[PDB]
Structures are given as structure tokens and as C-alpha cells.
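In the text below, chain A, chain B and the rest are named by the order of the sequence lines, each starting its count at 1.
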Amino acid sequence: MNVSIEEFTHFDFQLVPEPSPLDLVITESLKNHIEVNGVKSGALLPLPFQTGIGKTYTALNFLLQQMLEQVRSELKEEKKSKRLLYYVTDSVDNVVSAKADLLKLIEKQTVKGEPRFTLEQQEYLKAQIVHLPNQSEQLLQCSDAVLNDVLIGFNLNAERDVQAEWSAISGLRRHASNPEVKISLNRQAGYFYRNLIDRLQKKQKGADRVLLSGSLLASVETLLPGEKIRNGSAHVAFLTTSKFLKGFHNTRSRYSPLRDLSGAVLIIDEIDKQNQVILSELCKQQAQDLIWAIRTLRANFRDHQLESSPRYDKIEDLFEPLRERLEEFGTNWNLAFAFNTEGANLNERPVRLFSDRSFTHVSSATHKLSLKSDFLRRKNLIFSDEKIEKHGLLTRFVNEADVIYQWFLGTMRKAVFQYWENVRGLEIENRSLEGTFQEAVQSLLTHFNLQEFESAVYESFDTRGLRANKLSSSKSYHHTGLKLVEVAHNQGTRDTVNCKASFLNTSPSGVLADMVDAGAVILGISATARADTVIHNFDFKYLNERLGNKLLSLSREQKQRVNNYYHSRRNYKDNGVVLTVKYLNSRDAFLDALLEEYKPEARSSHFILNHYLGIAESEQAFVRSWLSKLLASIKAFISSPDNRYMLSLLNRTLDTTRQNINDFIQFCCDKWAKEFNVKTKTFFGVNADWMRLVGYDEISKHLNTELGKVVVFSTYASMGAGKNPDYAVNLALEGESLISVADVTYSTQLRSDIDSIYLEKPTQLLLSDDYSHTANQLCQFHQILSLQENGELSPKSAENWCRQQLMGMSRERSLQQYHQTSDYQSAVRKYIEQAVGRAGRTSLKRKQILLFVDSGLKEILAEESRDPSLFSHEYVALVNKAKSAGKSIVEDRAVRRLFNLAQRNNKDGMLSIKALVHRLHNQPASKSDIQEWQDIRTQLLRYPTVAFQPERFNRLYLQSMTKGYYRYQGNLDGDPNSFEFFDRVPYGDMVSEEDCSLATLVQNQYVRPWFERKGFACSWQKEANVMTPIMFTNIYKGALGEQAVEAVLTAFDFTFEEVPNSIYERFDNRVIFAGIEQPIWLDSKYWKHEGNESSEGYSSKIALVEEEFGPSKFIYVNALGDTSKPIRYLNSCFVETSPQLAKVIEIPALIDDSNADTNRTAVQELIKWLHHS
DNA sequence: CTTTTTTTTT
Ligand SMILES: Nc1ncnc2c1ncn2[C@@H]1O[C@H](COP(=O)(O)OP(=O)(O)OP(O)(O)=S)[C@@H](O)[C@H]1O
Ligand SMILES: [Mg+2]
């Protein structure tokens, strides 16, 4: 019988425990956030304080306060749904330890000497918390009575194979032998759980819906903990990040928490380590054949229609542009035919193409691959011509098909949300977006006959249940992604190819920002929450720019209060605590004697390693160093009399697979144990599985009931963060070496932490993915593009690394390339600081603490430069000891990031401008493309220099060391990867206001009123965000010349009309004067300089204009120049001729560059020329 | 030249 909430009626909710400074840090920031933003808006609050200061105890006390607030709210409401609280972390052990810590807090919390909650209140509060493990673990913890009750209650017993499967599972349960049986039991438990829940859900969705209550309800709630969430019995969930990204099950469907994040509270512990976890999920997506997908979309969108019912209101207007695009794409690329390759170098190896989707494009083909349609053969052939043919490239087709596919998935998201709006105002049970999502997708795909995209629609919603590439939007790798396309022959046939494409549509930082934008309030708890790496942490410069004030910050008063709290509870210096740090090299001569004593019947230790320990010849140069620093640390710890607890953090786990090595290590320990008269217990293979099966409490039990030393062998992946290695202290076994460092004792029990640590250098710091080859390729390209996006890599180095990655470089060559970045050193120092923070859990410390660190870490630790006010005592001592050698000359990270980000922004601008011009030079043009081109021109004219970091045209500007001007070198029509900027080029072209001659131009009497009326800037602000060289040379000066010419001509009574999109961008604008039947076009330039306007180009422009518009006149005028030069008259072939026959009039200048005086003579000549037509 | 373990569904 459930506990009623009416037991909290007499509870006094206004009596609360004393809030610590950490509690005030969370509460004041969240209350202020609600004051500033809305009540429904999301937030992200990182809490980057010292390790061991008590940030999980504070997160669980904040969760308990949220549960009490919810109980109070529903007590007064005596309908509002429960607000969901999530506790997420990477490791299962930290999930179960935090749940047991919250339950312990509920059990034995005290207020003024009396328990805060009665036993019935405690049982209700505990009933509000659930834990959601993997499906095999969920099934294996259900007793036979529960599962037989579930099978009986759903009439699932008599269904053939299901009972056959269940009878097998219970059999394996009864005789659970050594782990050999257990791996099989786990695999079959997970498969049976999936099948059973699938049939339970299909039974609950149909008309034969079973009524759940009493025993049946308690059993199904035991089998399905998410059924408690769906009912409303519980609203607190403890789970991992993988489970949170996958979702859980109830009796109806699978609940995805990412689709229902509005109003939720997420507590993410060790948030930085979740960056890689989310990444490993994004790389699991399934590849899609783009040729089949686009041919299916074209075939089914041709005629199929939606219903004209109210529930499908204004959904077809979402899909009409996609239908027009599909019909145009299929006409252009001849999608009636299939695709095949031909020629050499195309059959031996498949073709691989990589695209950033903005400006990084790498092809595995030596020559550019073309695409031609053979109407006699009825085939599309991927040729390699041995002779730029812009029309008919394979990369153009692949990019346009990826654009169309992502357009279809985006319009599916838009139409599902529109369906849910139509339903909520029509259907008038689950009336939310998450509950209507499956029916909306099913109805739309069934109506369009596109049910084969159903899985694709679901996963795209899974990745993008929280939600462009235009130089007018904010651009970033984190919301666009990357794409990897493989073109290979179809499996089974020898005459067709397919384009399997794998996409990353967002980065982990984009997912986190989408989560905050959806309305979630997220508490990010980690000491390394603000590490300066983008591989082992989120990009917080991107998150700061995107979230704005939703990224809650902590004032210096609050940080000083937290620092005072930490230094008050960790007073090492006043209490006589001394910690010694040793940087241990490789002592081969010391390992030679120990190896000789181990097996004294052999002469050469090479034979001992090669035969007994099982180490080959490729090793024995590496193993002899990590099995020598480890032994020197263990010997130095055993020689220490007072120290009792040692932890050794390596990169590899010492388990049965390395049993022979353990035999050597155990022998060495026993040799030392008898020499110094101490008892030593060694714990090997302490990994996640050992923690689930055996449990870390055994180590603590050993330290509590037995005297002697203990050495533990774990890794960074198991004990690096979150783990709370503690043991109960009995003064009889601890001697007299323990002392309290807190000024005021704050602990009920007596506990101590590790007193000796050995820290290896972390090794495999570039992330990898063993799921498949495609997943590892996506993870490597994501890490290269994140390093290019941050600024740690120049665009040419990232392009070269992406080319070597497409060519198939080795993991050791990726690791070599990553070791040259400062990201690697910030990741190394983040891992070291987190690992060293495992020895600072309690206030009962040994008088001496021994730290033994790999000597191959000293130079890295020597380059710490952050504020030491946030470090812990062990990390401050590690840094001070490594720094004791002094300071080494290093390059400032900000100056190199500025050089890289200037190169990046300039290359992005060049590629985007070229693609914009290509789209403009296409018949017919587009309204959006013209609008975007105009928006760029007006923005650069109005704001040629901005003060704050731009949020819409961020790629038009670079940040310079000078103010309002900078120097550069590079060919504007050459390689974007060869540009140099700032101080690297002391002599080079300048991007400055005076170089543009703006002041001389505006001195004209007609320029100022036109500029001021239009709002354009007449001067350059002195700010550090200046235009890139491409924007300055190509776009800004052209618009400035065109605007000056139009201003003076309009002052001379010239009316202007918009150029039609058929011939857009080919000429500046129209010309109408006094009324002439013949059309007149105008082309305007800023100054004379050099112009790629040879006779062939002019003839092409005239032919393309006169073809669709007949004969016409043409004016070609330079805005600035010498008025002494004579006005010219040239024919259509740019040849001097008589005025009576010439079709083109040329004006050398319209505004003088010496006094800014208008050319009245030129206007009079133009008047006479026009009147003489 | 570098030198792995971790969660989940399948
Ligand atoms: N004010 C407090 N009262 C009682 N116990 C506390 C208090 N603060 C912390 N503790 C306990 O002391 C230890 C501090 O550990 P946590 O609170 O887990 O540390 P942390 O600061 O979160 O460090 P992390 O998670 O490794 S980076 C835990 O065992 C807490 O349960
Ligand atoms: Mg924690």
C-alpha cells in the first residue's frame, strides 16, 4: 500500500538546514536567473570548485530541497504534472553511489537534534526516487515471482518462443557459475527484456489494454521503473549519460527525455567527461545511400497528397518548396538513370569525399571527378577527364543531395510540430509533443508513402529533438557538422554505385546548447568544468556566445566565500600536514636486480621478459619504463612506515590478461613486505566490473579491521573522477599519524582518504571509436574540425590533417599531430588535476602524504598559468614542484589563436563569397540569394567595424591586435591557405579607412545626404573587429563605388530600377533618363585599378543581356578617378570607335579625388548621348 | 612514433 502525501500535512516546510556557501552559490544564482530571464527559460550553471569540497553533497541536498518543494506544491494544490529531476553521470558506479548517498541523506538527516523525517515520510520520499540501469541489469534484478506475475497478468505465457526464451533464462539464472556463464546470461537477459517489453507495449497500445493495479502494477513498476515516471509516482531519476541519450521504457512506448526537457532540472556530474560520451552517441548514426534516398523522395513527392482534414492544416505548404526543389534537381541531374563509374583509379579503391559543409572539402581522388549523362546508354557516369568545368562535378551533386536530404528531415520536424498544434486544438490522454510525435510521424510518412524513412526520421528526431549556412546567420562548426561520403559499387552488382553518406549534424556543444534552449536548467558539477580543451571538454567560448546570459556566472564575492570555505575546511599549513612530491624516472638498473631475483635461474632479463612475463620484442622498451616507475613508487611507499593507503593510477588495467605481470608485481611486493616488517595487501584489476561485482567496500573493510598497508591498482577510466575512496578509521590501527585539518569539525563519522598516490601520464588522449570504421572516421574528423574551430590549428594544417585522415593515417601519426597542440597540454593537466584530487576527500589527513608522478609529466606541469586561487593543495604543490626548475619561453596562446582565427575567417569568407556568386549567376536566381547578397552589402556599408563580437555576420570580421586597421599578405584569387596577417607581415597590403579613401569620397556634396539618409557610416570606428581582406577588396569597395555613383546620378535626375534576376549581378543597375524606349544598363566601379573585364567578358555580358532584352545602351563608370582624363566611347567589343556607332559609354570618374567635385561635363555628355539614340 | 577503458542497444 503506497504512502499517501497527506502525511506531510503537519510538516514544517519553513525549517531548513543551515545553508553552506555552496548551497547559497546554487540558490542565489538560480533565483537571480529567474528574476532576470523568464520562469520557463533554461539555464546552464557550471560549478568549477576544488575537488573534495563537497559539490555532490550539495547537489543531492538541492535535489532533496526540490523534492520537498514539489511535495509542498502538490499539498497546496489539493492538476499539475510532476517536475522531473535527473541525476546524470558517465559511470554506473557514480550513479549508484550518488543514489545511495541521497537515500542516506534522507535517512539520517537531523534538525536540532531530532530526525527531520519520520519513517513514513522517509518511505514516501524514497518511493519518489528511481534508478534506471541497462535492460539486462533491469531484468536480472527481477525475481521469478515478479516476472511470472507479469507474464500471467498480460496473457503472455502461451505465446510459444517467449516462454521458450523465458524458460531458458530462468534456467541460466539457477545455475549461475563463473563469469563464463554470466556473459551469456547478460546477453540473453537483454535480448529477452527487449522482446518482452516490445510485446507488452504492443499489447498495451491496442484495444486489449490491461488494467494495472495492485500486484500487477507493483510487478510491472518493478520490471519497468519508467512506468513510475509515466504514472506520476516518481519524479527523480538516477541514470547514466548513455541511458539518458537512449531513453527508457514504460508500458506505452520508449520515453526520450531529450524531447521533453522543458521545465526539467538536470544535475550532470563531471560534465566535461560527458563531451566524449555524447560524441560516441553521435557517431553511432547509420549511413544513408543518398542516390536511393533522393530518387525515392523524387518518386514519392511527385503526386502523393495529404488529406484536407483540419488535423493537416498548413502542413502541405511546408512541403511545397521541397517538391519544387526535388523536381528541379531531378531534371538537372537526370535522376531517371542510375549511376556507375568508369576508368582507372576508380575501381581499385572507392572514392571518399569529406565536407565540413562550409569551406573544408577533401577528396580521395587524385583528379576531380566529373558526372555526365549518357542518353544513348541511359546511364550517369562518374568520369575523370584528363583536361574549371563547374557544371557536372561529383562533389556538387553530393553536396546538393545532402542539402535536400537534410531539408526533408527538417521539414519533417516542422510538420510534426505543426501537426501537434493542429491536434491540441482538435482532439479537444498524453497531449504533449513527445506523446504525439510517433503518431505525427506515422501519419505523415503513411500519407506520403515514405515509410522507409521512418527510422531515419526517428533518429534525426533523437539527435535533433531539441531544435543555416548563410553569411548573414551566426556560423559555427557546432551547429552545422560534417559529412563523409563513400562512393562504391553496390553490393552484389557490378554496374551501379552508391553514395553512402555519414553525417554529424551537430557537436556535443551544440547538443548542450540545444538542451538549454529547450528549457532545461542544468547544473554542471566538475572541478574541470572550464578546462581549456575542446577534445576533453565542451567549447565554452561557443556556449558563451550562443547562450548569452543564460550561461549563469558567479560573482567574485561568491567565489571568495567558496574559497574561504575550502581553506577553512582544508587548513594543511596550520595543522602540520606535509606532502612530498617525487618525479620518478625510469630506472632500468633497479629493475634488472628485481627481475634477476624473481627468476634466478636465468642470466638475461631479456629472456625473463620474453618467456615468463610474456612481453615481446616490440615491447620491452615501453614495459621496462612503466614497470620500473611503478616499482620505484611501490618500494618508496612500502619503505614509508606511517603511510597505509596507496592508489596507483595507470592507463591499462592489471587483470588476468596480464596475470604473469601481476605475478611479478606481487612477488616484488612480498619481497618488500618482509624486508621492512609490514603487511601489504594488493588489489589488482579494480575496474568498473570489479566495482559492480566485488565492490570497493572490501578495500575499506580491509583497512578497518586489519593492520598493514594496502596497494590498489586502478586506471583513470575507472577511478579518475567522481569516485570517493574512503575508509572508516579505527584509532588502534592508525597509530598516531592522523590529524584533523578542519578548523571546526563538521563530520559525524571518522574517515580518512588515500595517503599515497602514483600518477602515470595519460596516453590515449585523442578519442577513438571501436563501434565501427565509420564511427572512428567521424570521431577523428570531428576532433580535427573542433581544433580548427577553436583556433588551435591553422586552416592549412587542419586541411592537411584532414587529407591525411582521408588517406588512412595511423593512430600513432594522429597522436603525433595532436601532441603539437596546446589542447593536448590542457587535457593532460586536466587529467592530472582530477586524478590528484582523489586524495583530498576528508579532513582527517596523514601528517605526510606521498605523491609519485611520472617524470614525463614535469614539463607539462611546468606550464600551468591559470589563477592558482581555484586549485587544490596537492595540485598547487605538484605545480610548484614542477615549476621549481623555473620558467620556459612559450608562445602566448591568444596570439596564435588570433592568427589562426584570422586565417579561418578569411578563408570562410572567400569560399562563401565564391559560392554566393555562383548561385547568383544561375538562371533563374533566387529571392533569398539576392536578399542575402544585399544584406551583406548593407551590413558592411553600415558597420564596417563592430565593437562587440558579431552575432549575425561574425565571419565577415576578424579580430586584430591593432585598432581599426591591420596588415596582410596574400592573393585574393589564389590559395586561401597562404594568407598572413598582423605582425607576421611588417610590409603588406593594409585594410584601413584611409586606404579605402572614404574621407575623400564622402567630401562630395551629394554623397553625405545619401549616406545619412541611408544610414551608412561616413567614418570608421576604432575597434578591433575589422573586415577580412576578401570583404574589404571585393564587397565593401564595390558597394561604396556603386552607392557614390548612384548618389551623384540621382542628384542629376536619374531614376533607377531593380535589375531582373535573369541577368542579376552582371551589371550594377538600371538607367532611365527622360524616357527612352531602348533599355539602358549601368556598371559602376569604385576606382580604376585593375579589373578582370576583358573584351571576352564584356561580349559575354552584352550577349546574355541583349538575348533576353534586345538592343540596349551600356554605361561603365568609375566612381573615383581623375576628371582630367577624357570620357571614352567604345563599341560592344571594347574597341575605340566613333560615338555615333559605339554602344558603350565609359566615364573615367564621377567624383574627383582632389576636391570631390562632381563631373557636370560627364552628365551633359551622357544627356546628349542618350538624347541622340 | 605511440603505447585504453567506458555505457548502451543490439
Ligand atoms: N557539509 C558537509 N557535511 C557532511 N559531509 C560532507 C559535507 N560536504 C561534503 N561532505 C562529504 O565529504 C565528501 C566530499 O565529497 P563530494 O561531496 O563528493 O566532493 P566534490 O567536491 O563533489 O568533489 P568531486 O565530485 O570529485 S570533482 C563526500 O564524502 C561528502 O559526502
Ligand atoms: Mg561529484
Does the side chain of [X] pick up a donor-acceptor pair with the side chain of [Y] at under 3.5 Å?
X: A/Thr251; Y: A/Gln204; value: no
X: A/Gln201; Y: A/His249; value: yes
X: A/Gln274; Y: A/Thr241; value: yes
X: A/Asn94; Y: A/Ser91; value: yes
X: A/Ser20; Y: A/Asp23; value: yes
X: A/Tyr458; Y: A/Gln438; value: yes
X: A/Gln418; Y: A/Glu421; value: yes

[X]/[Y] aromatic ring centres below 6.0 Å:
X: A/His478; Y: A/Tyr542; value: yes
X: A/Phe448; Y: A/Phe319; value: yes
X: A/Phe8; Y: A/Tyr124; value: yes
X: A/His782; Y: A/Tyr477; value: yes

Heavy-atom side-chain proximity of [X] to [Y] below 4.5 angstrom:
X: A/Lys475; Y: A/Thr480; answer: no
X: A/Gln285; Y: A/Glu459; answer: no
X: A/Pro46; Y: A/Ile271; answer: no

Is atom [atom1] of [X] surrounded by more than 12 heavy atoms (other residues, nucleotides or ligands) closer than 6.0 Å?
X: A/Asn2; atom1: CG; result: no
X: A/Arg952; atom1: CZ; result: no
X: A/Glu78; atom1: CD; result: yes
X: A/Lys80; atom1: NZ; result: no
X: A/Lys40; atom1: NZ; result: no
X: A/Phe13; atom1: CZ; result: yes

Would A/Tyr419 and A/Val416 count as a side-chain contact (heavy atoms from CB on, under 4.5 Å) if you check the C-alpha gap in whole Å, the side-chain angles of each, and the deciding distance to 0.1 Å? CA-CA 5 Å; A/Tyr419 178 94; A/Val416 167; 5.5 Å; no
Verdict with reasoning, A/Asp269 to A/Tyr87, per side chain to side chain donor-acceptor pair (under 3.5 Å): CA-CA 8 Å; A/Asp269 218 283; A/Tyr87 184 94; 3.2 Å; yes
Keeping the roles fixed (side chain from A/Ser460, backbone from A/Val457), state whether a donor-acceptor pair exists under 3.5 Å.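 At least one qualifying donor-acceptor pair exists.
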Exam field: side chain A/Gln128 to backbone A/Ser233, donor-acceptor pair closer than 3.5 Å: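 Yes, the answer is positive, given that a donor and an acceptor are paired below the 3.5 Å cut-off.
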Is A/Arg692 salt-bridged to A/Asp93, going by a charged N under 4.0 Å from an acidic O?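 Answer for the salt bridge query: no.
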Carboxylate-amine/guanidinium contact A/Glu439 A/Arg431, below 4.0 Å: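 So A/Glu439 does not pair with A/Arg431 through a salt bridge.
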Please collect all salt bridge (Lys or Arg N to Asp or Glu O under 4.0 Å) contacts where either partner lies in residues 224-251 of chain A, sequence neighbours excluded, each pair once.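 Matches after skipping sequence neighbours: A/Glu227-A/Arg230, A/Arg230-A/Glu429.
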Can you tell me which residue pairs pass the salt bridge (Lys or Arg N to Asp or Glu O under 4.0 Å) test with a partner in residues 534-549 of chain A, sequence neighbours excluded?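 Of all non-adjacent pairs touching residues 534-549 of chain A, those that pass salt bridge (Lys or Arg N to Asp or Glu O under 4.0 Å) are A/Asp514-A/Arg546, A/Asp517-A/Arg546.
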Mind running side chain to side chain donor-acceptor pair (under 3.5 Å) on A/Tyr193 and A/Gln138 for me, showing each step along the way? CA-CA 8 Å; A/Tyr193 185 100; A/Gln138 192 42 63; 5.7 Å; no
Can you spot which of A/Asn537, A/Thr533, A/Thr528 makes a side chain to side chain donor-acceptor pair (under 3.5 Å) with A/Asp272?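 Testing A/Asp272 for a side chain to side chain donor-acceptor pair (under 3.5 Å) against A/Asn537, A/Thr533, A/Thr528 leaves exactly one candidate, A/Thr528.
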Starting from the C-alpha separation in whole Å, work towards a yes-or-no answer on side-chain contact (heavy atoms from CB on, under 4.5 Å) for A/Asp260 and A/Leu84. CA-CA 10 Å; A/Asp260 211 324; A/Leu84 293 194; over 6 Å; no
Roughly how far, to the nearest 0.5 Å, is the [atom2] atom of [Y] from the [atom1] atom of [X]?
X: A/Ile34; Y: A/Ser41; atom1: CD1; atom2: OG; answer: 8.0 Å
X: A/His131; Y: A/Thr240; atom1: NE2; atom2: OG1; answer: 8.0 Å
X: A/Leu47; Y: A/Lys55; atom1: CG; atom2: NZ; answer: 8.0 Å
X: A/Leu444; Y: A/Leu450; atom1: CG; atom2: CG; answer: 10.0 Å
X: A/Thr463; Y: A/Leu504; atom1: OG1; atom2: CG; answer: 9.0 Å
X: A/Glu35; Y: A/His33; atom1: CD; atom2: NE2; answer: 11.0 Å

Given A/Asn134 and A/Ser136, is the side chain to side chain donor-acceptor pair (under 3.5 Å) satisfied, shown in steps? CA-CA 6 Å; A/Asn134 51 100; A/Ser136 90; 2.9 Å; yes
A/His235 and A/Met67: CA distance, side-chain angles, deciding distance, side-chain contact (heavy atoms from CB on, under 4.5 Å) verdict: CA-CA 8 Å; A/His235 63 118; A/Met67 282 206 300; 4.1 Å; yes
For the residue pair A/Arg259 and A/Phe437, would you count it as a cation-pi contact if the rule is NZ or CZ under 6.0 angstrom from the ring centre and within 45 degrees of the ring axis?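 Verdict for A/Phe437: a cation-pi partner in A/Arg259.
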Might you work through the side-chain contact (heavy atoms from CB on, under 4.5 Å) test for A/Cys283 and A/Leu279, ending with a clear yes or no? CA-CA 6 Å; A/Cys283 292; A/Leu279 173 62; 4.0 Å; yes
